[PDB]
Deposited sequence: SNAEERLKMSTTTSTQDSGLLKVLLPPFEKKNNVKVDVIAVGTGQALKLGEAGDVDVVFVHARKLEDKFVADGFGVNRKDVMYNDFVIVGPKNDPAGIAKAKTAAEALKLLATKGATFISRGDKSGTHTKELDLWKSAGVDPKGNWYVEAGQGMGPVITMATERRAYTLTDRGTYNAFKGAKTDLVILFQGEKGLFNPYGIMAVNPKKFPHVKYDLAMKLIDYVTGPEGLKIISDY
């Protein structure tokens, strides 16, 4: 009965996209369960799983996910292809990034123009991607223009908006903020990001809801789940 609850840790950034509000109800109905979404920072989402306080972890942070699995905490990790990265900024695009042909070129235009840019500057898969793209541009971002916020995607979109800055954002969070909570527009866009979904290991935590976690993972990577994710 539901009241029977499965706990999933994720990031605040993934909650903002709104995917879970559409993806979870058919699973809840089919299994007579409630899926509690615990949206916290990336580090905390894994710490919750390391402590056995959730049954499933759903994050986009490849190195950290690998470690979680290597460390024995997570089992049966599956890729969940969803979402993509875009560069947003003021609608008058002073750096002229709309003329960029790749994301590395766009960022290098920013660094060269000295246009204000907000980094997530945290644990997140968005941060890792950003750093990978700076490295592919062969630039190491040092300036004043380069800001490291140490916050989630939502607060970074807000800070970019106040500062009339550019930022690298997942489209999902942007689409959810567009218009109401920013006036920034997509100036550069490109495939999908390999979220990882993982069950907390009941050999480490025998009270975790593993069988129900495994149903969730099967669901999300199954035809119904994929259709929702691709239609979203």
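In this chain the deposited sequence has gaps in the coordinates at 1, 192-194, listed in sequence order.
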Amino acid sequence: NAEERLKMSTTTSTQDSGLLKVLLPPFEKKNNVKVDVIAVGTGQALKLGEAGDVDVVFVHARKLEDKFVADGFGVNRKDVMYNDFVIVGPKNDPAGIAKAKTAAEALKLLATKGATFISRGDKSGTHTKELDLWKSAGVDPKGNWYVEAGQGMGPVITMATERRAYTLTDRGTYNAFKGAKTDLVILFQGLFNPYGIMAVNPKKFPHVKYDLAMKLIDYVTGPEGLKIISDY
From here on, numbers count along this sequence of modelled residues.
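Here 145-153 and 71-79 are compared by their mean Cα B-factor, and 145-153 comes out higher. Of the two stretches examined, 84-92 and 132-140, the record assigns the greater average C-alpha temperature factor to 132-140. Ranked by C-alpha B-factor against the other modelled residues of its chain, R5 falls in the middle third.
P25: CA B factor in the lowest third of modelled residues in this chain (values from the PDB entry).
When the modelled residues of the chain are ordered by C-alpha B-factor, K63 sits in the middle third. Ranked by C-alpha B-factor against the other modelled residues of its chain, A39 falls in the lowest third. Split the chain's modelled residues into thirds by C-alpha temperature factor. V185 is in the middle one.
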